[PDB]
Structures are given as C-alpha cells and as structure tokens.
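What follows is one structure encoded as structure tokens, with my remarks underneath.
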Amino acid sequence: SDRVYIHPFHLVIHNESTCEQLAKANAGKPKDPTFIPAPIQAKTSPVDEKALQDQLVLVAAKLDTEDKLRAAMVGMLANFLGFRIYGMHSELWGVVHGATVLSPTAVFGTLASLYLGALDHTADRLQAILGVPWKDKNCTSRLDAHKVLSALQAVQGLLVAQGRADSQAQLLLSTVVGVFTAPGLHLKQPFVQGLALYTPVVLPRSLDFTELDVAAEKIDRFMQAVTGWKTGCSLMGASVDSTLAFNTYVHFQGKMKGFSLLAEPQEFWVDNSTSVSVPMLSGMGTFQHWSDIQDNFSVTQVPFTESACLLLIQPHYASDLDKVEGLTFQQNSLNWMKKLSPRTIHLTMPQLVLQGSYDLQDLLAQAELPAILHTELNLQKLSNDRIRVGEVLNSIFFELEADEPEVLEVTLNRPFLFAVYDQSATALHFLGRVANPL
C-alpha cells in the first residue's frame, strides 16, 4: 500500500511489516542485557583512521540503489534541520566555542541517536525536531531510528567516495561518538548496537561527574589520546548533578589538488580598520562560479570528485555578512544555487585549521526547546537508571590541505562564508563563517 501524505519522507519512517517484528519483541518477557562501561583510565587503543575510512567506503560501495535515495533523503532532513536551526537568527555563533562552524549531518545524527533512547512524548518531540512530521500516534507514522542511523552512516561513505577516482581521494571524514555515563549507570545493549549503525567508533566509558573539574580535564585527555586531534575543550557548561554526556566528535580532512601553502602571509582584514597576520592557499584552475546581482552574491568552488564540493560563499560587497550569510542558510535556495557556469579563477583563501565545539541543548532552544526536553524523565531505551544530561556536544575539527589568457582574481581578504556539500547524498556536511584565523 501507499500512504505517503503529510510528508514525502517515506523511507525514514517505520513500516507495518517492520513493526510486526517490533510487535513480537514488544512483550516484557525478553529483558534487555544492560552493561556498565569501564573507567577511562583503562588503556583504550586509538582510532585507526585508515581502517575507519576503508570500512566507510565499503559501506558506501555495498549499498542498494534504494539506499542511495534514503541517504539523499536523510541528507535533506539534515539540511532542513540546519536551516531550521538558523531560527536562532545570527545567535548560532553566539555558542562561542572554537571556530564558528557546525555540521548539519552531525547535528542531525547526534540528535537522531538520542531518539533511540526515547519513549512516547520525548521520542514524539525529537521526531518533530528532526523534521519528519507525524500523525495518529501510530507505529507506522513513527520515525525509524535504525534506518535513519545506518542511512546517515551511508551519507558519510558517500562523501568520502572517489568513485571514478579509485585512487586516494584525499578527503577524510571521521566521526567518533563518545557516550560518557556516570558510575553505576547500566546503559542498555540494543541502544549501543543502534549507535553502531550510525558510526563504528562508539566509545561508551564511565566517569565521575561529581568532580566536574577533574572530569572535564580527563574527558579531554581521553578523547585527544583516543582520537588524535585537539578538540576545543569538553564538559563546558555541564552541571555537577549530571550523569550522561553524549558527545559526538567529528574530524574533516579536505585536500585540494592544484593548491599550495605560502611561506609569505598575505594577511586579512576582519574589518576595514583592523588587520591580521595569517597564512594563505593559492589556487590555479578553471572552476564553476556565478554571481547573483539581485542580492549581490558570488560563490566559487573546488570540487572533491564532484560528489563532494567545497562551496565558498563570497559576499559581493562584504559589508553586511549577517544579511548575506542569512541567504546561505535559506531553505531551498542554497541548494538550488547550481547554474554550473565555468570560469578561469585564481583562487586565494586563508589556510583553515580550526576546532569547534557546540552543545546541541544550547544550539537548539525556544522554537524546539530541547534543553527542557533533555532534562525530562522520558528516555528509558538508553537509560536504565536516572539520566540527567550535562551536555550533548558536537565537536568538529575542520581541516583544509593541498597536494601541490585571462583570469578572475577571487581573494577572500575580508570575512566570508563556506560549506562542503555532497551531491550523491544531497547533504551539506558543514557550514561555517570565517572572521579571522586564530
């Protein structure tokens, strides 16, 4: 049958036949096997990043044509959630931790993973927050987490692809989900298998939250040891009386062929008066670029196998970004910006190597007000014992690199906007602003 009214997102929701299996397991007779995670003092081996991406490309390879549409679908949901989140109205950067850049796909995922640990009401709220509407309070109408999570795994493999390239594409996307519970918090098994679908690197490990100072310093010492990249602090703004700490950690590598790091700095102006000593990346090549004269716009790119594309949004005047940048989180327009007009361009931009943390509960509020919904009792499917979340953090480590008759000298001397986007998963993995490198 076909009942895809209300919303067109028919792939991410539950099916009756899939719910018939859930109906069998719905009985109370099978009790789930909980487990306490070990302390972080335990010697945990670091993440083999090669081994990770080689597994993600396999996931992308061994993937149905139906799954590709699902990956595209969950991509758009992540897009719309990111544009929804701009309902803060230029307060997104107000969450001032590290460089101003957020990951719509990571946000969606971290939010979708909390959905696993959610009963009625709480799951029924996150359902909406994620973006998929519902009706009737039925099983058929409810969002499927296991599908959404493994679909969102796919979108990562779709980004780091190099299908026609074959050789090392040079772009990397690591995503390690820390789930730090309190001492004696027996977190459930099937939830953790759900997280496994979203990312292979799922690291649940216990911690003493009564001492926030001691927890925060050790939580950084653990992750930076396990991951191998400096994250912009951790456990910031977490309460003393807390237990759970669901922190997603992402790392983006983005090598651009036909580029080189300069020993001599060109310097930049964060504003007309002030100047900053900063590195650069010169670029020679015929890319696609077209400037909208209606709202005064201009955007160039430096594709990663077309599939993935780094779009650099340049404000034509560069006087008022907040107004122009608003049109870079504007619903269907940012995606439909796709004239594909090629031109000879001399690309010139600062060398980007910055961290960035942001708590989802601070990132989302009022319109969705999850901060309240998070400290609400209803979780269960994750929480055996009492859960009171201190922070649900998304930390990114965005990194750009180089591999050695007429033109357009496109320099980014003043602040600009950017966003990496995947065509194959119709999903923008990152969006951010650059005031100054520091």
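Each position is counted from 1, following the chain as shown.
Recorded method is X-ray crystallography, 3.3 Å.
Here the Cβ of each residue, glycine as well, is placed from N, Cα and C on the backbone.
Secondary structure at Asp2 (beta-decarboxylated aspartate), taken from DSSP and collapsed to helix, strand or coil, is coil. Here Swiss-Prot flags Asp2 as beta-decarboxylated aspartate, drawing on experimental evidence.
Under the DSSP three-state reduction, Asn15 (N-linked glycosylation site) is assigned to coil, being neither helix nor strand. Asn15 (N-linked glycosylation site) is surrounded by 15 other CB atoms, counting those within 10 A of its CB over all protein chains shown. Taken from Swiss-Prot, the feature N-linked glycosylation site covers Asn15 (among others).
The disulfide bond feature in Swiss-Prot is assigned to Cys19-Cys139; the stated evidence is experimental evidence. Over all protein chains present, the Cβ of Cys139 (disulfide bond) has 17 other Cβ atoms lying within 10 Å. Classification of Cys139 (disulfide bond) by DSSP places it in coil, neither helical nor stranded.
Taking all protein chains in view, 11 other C-beta atoms sit within 10 angstroms of the C-beta of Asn138 (N-linked glycosylation site). Positions annotated as N-linked glycosylation site by Swiss-Prot: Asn138 (among others).
Counting only residues at least six positions away in the same chain, no Cβ atom sits under 8 Å from the Cβ of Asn272 (N-linked glycosylation site). Among the features that Swiss-Prot reports, N-linked glycosylation site is placed at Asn272 (among others).
Annotation source Swiss-Prot lists N-linked glycosylation site at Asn296 (among others), citing experimental evidence. Reduced to three states, the DSSP call for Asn296 (N-linked glycosylation site) is coil.
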Going by Cα-Cα distance, pick out whichever of the recorded positions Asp2, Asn15, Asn296 is nearest to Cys139 (disulfide bond).
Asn15
Tell me which residues of the chain lie with their Cβ under 8 angstroms from that of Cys19 (disulfide bond), as long as they are six or more apart in sequence?
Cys139, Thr140
Pairwise CA distance, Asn296 (N-linked glycosylation site) versus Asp2 (beta-decarboxylated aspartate), rounded so that it is a whole Å:
44
How long is the Cα to Cα distance in Å for the two residues, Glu404 and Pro405, that sit at each end of the 12 unmodelled positions?
22
Rounded to a whole angstrom, what is the C-alpha distance between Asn15 (N-linked glycosylation site) and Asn138 (N-linked glycosylation site)?
11
If you measure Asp2 (beta-decarboxylated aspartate) to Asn138 (N-linked glycosylation site) at Cα, how many Å is it?
16
